[PDB]
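# Structural overview
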Amino acid sequence: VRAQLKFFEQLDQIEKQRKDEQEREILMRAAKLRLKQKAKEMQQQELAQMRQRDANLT
Amino acid sequence: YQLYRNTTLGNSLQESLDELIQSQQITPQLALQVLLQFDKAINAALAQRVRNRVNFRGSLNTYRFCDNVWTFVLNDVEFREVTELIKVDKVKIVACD
Amino acid sequence: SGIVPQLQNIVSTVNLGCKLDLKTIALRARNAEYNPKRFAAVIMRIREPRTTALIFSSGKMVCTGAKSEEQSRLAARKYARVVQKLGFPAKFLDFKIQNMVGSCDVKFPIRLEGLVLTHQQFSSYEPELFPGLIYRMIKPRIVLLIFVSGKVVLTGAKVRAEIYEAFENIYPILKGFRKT
């Protein structure tokens, strides 16, 4: 029951991973109003680079 | 930042968590959550509470800058906090942006 | 004249002959700076002779701050030894001095405006932008900074003889343009 609920949570986690992959696919199709979207993508890339530098530091 | 994990408070907390892991009373994931909450709490406490000023003077032995992190090693240093001198033979400084 | 230009800066290059991992050099060696998002090199400094090197991943290296050729070669040899001790098979190939800067004093004030008016094909002088006159000498190809106080700066040489020849060339013109 809670094992079935945990299998349901694993199915919902697969659906949430598919939803996050669909969001990333929409972001990649945006990478594939225009200036503002490009600036937001550049800011996200800079934040990812800063996170990678912090992770390499630790 | 996990930066203050290597302090007296932070390493004492890590040693207590490692003891509780060794006796199987907690999981390592739980200790990781405690370390994350400690990081948030020590960042908030250093940001809001303390408002005092220190100066220091000494001789630089070595420096390093990598992954946007400075790492210094100073010798024969005098840290000045208002009500008095603090002398130290060698000190290591780790600084994140 | 009895004025000898004293060397103040020498910039040289050398090839270590091997590809270099700059992150390993930045993490393991002392007195190093590395910020690839801003500048793609390891910036290393040593105290004897007090010099600064720029180390690239390809293996070519630039040494600055030395005041003589032997100090520059010794400094570059020491940086090559630092790179060598970290596990890399560094060599010492094609060392060459690329730039020389010296300075001296003629001990009199100089009419800079008359100098730029009479030497318009060699000089340029804009007081509001930079208070000194820039003189591009052709033989030898040396760029000089001539100031109103009398301090003279010489840059661009490949050998010491070009600095000495450039100051011996420019000294009688400066005597002809003294302030009295």
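The rules behind these values
Residues numbered from 1 in each chain as written, not as in the entry; some residues may be left out. Chains lettered and ligands numbered in written order. Part of a larger assembly, values for the part shown. Heavy atoms only, no water. Residues with missing side-chain atoms left out of burial classes, pairs and counts. Contact = heavy atoms within 4.5 Å. Nonpolar A, V, L, I, M, F, W, Y, C, P; charged D, E, K, R; others polar. Axes fitted to C-alpha atoms, helices over the stretch in contact; angles between N-to-C directions. Helix = DSSP H or I, 4+ residues; strand = E, 2+ residues; numbered from the N terminus. Parallel < 35°, antiparallel > 145°, perpendicular 65-115°, else oblique. Left-handed = near helix turned anticlockwise from the far one by under 90°. Expected span 1.5 Å × (residues − 1). Polar contact = N/O pair within 3.5 Å; in protein donor to acceptor, adjacent residues only side chain to side chain. Domains from an automatic or database assignment.

## What to know about the interface of chain B and chain C
At the junction of the two partners, chain B supplies nine residues and chain C supplies 14 residues. Class assignment for the residues of the side of chain B that touches chain C results in five nonpolar, three polar and one charged.

## Points about the packing of helix 1 (residues 8–22) of chain B against helix 2 (residues 28–48) of chain B
Residues and elements named next belong to chain B. At a closest axis distance of 10 Å, the pairing of helix 1 and helix 2 adopts a crossing angle of 165 degrees. With respect to each other, helix 1 and helix 2 are oriented roughly antiparallel. The way helix 1 lies across helix 2 gives a crossing that is right-handed. Here helix 1 contributes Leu-9, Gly-10, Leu-13, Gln-14, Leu-17 and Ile-21 to the contact with helix 2, which in turn contributes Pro-28, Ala-31, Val-34, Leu-35, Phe-38 and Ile-42. Within the contact of helix 1 with helix 2, the residues separate by chemical class into 10 nonpolar, two polar and no charged.

## Digging into helix 2 (residues 69–85) of chain C
Residue and element names in this part refer to chain C. Helix length check: helix 2, at 17 residues, gives a terminal C-alpha distance of 24 Å against a target of 24 Å (1.5 Å per residue), a fit within 8%. N-cap assignment for helix 2: the residue whose side-chain oxygen lies 3.3 Å from the backbone N of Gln-71 is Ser-68. Following helix 2 by one or two positions, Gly-87 adopts a phi angle in the positive range, close to 105 degrees.

## What about the domain arrangement of chain C?
Residues and elements named next belong to chain C. The domain boundaries assigned to chain C delineate domain 1 (1–11 + 98–179) and domain 2 (12–97). Between domain 1 and domain 2, the C-alpha centre-to-centre distance is 32 Å. If you look at the interface, domain 1 gives 10 residues, while domain 2 gives 13 residues. Looking at the side of domain 1 that touches domain 2, the elements that each hand over two or more residues are strand 1 (6–15) and strand 6 (93–105). A per-element tally of the side of domain 1 that touches domain 2 places strand 1 first, with five residues.

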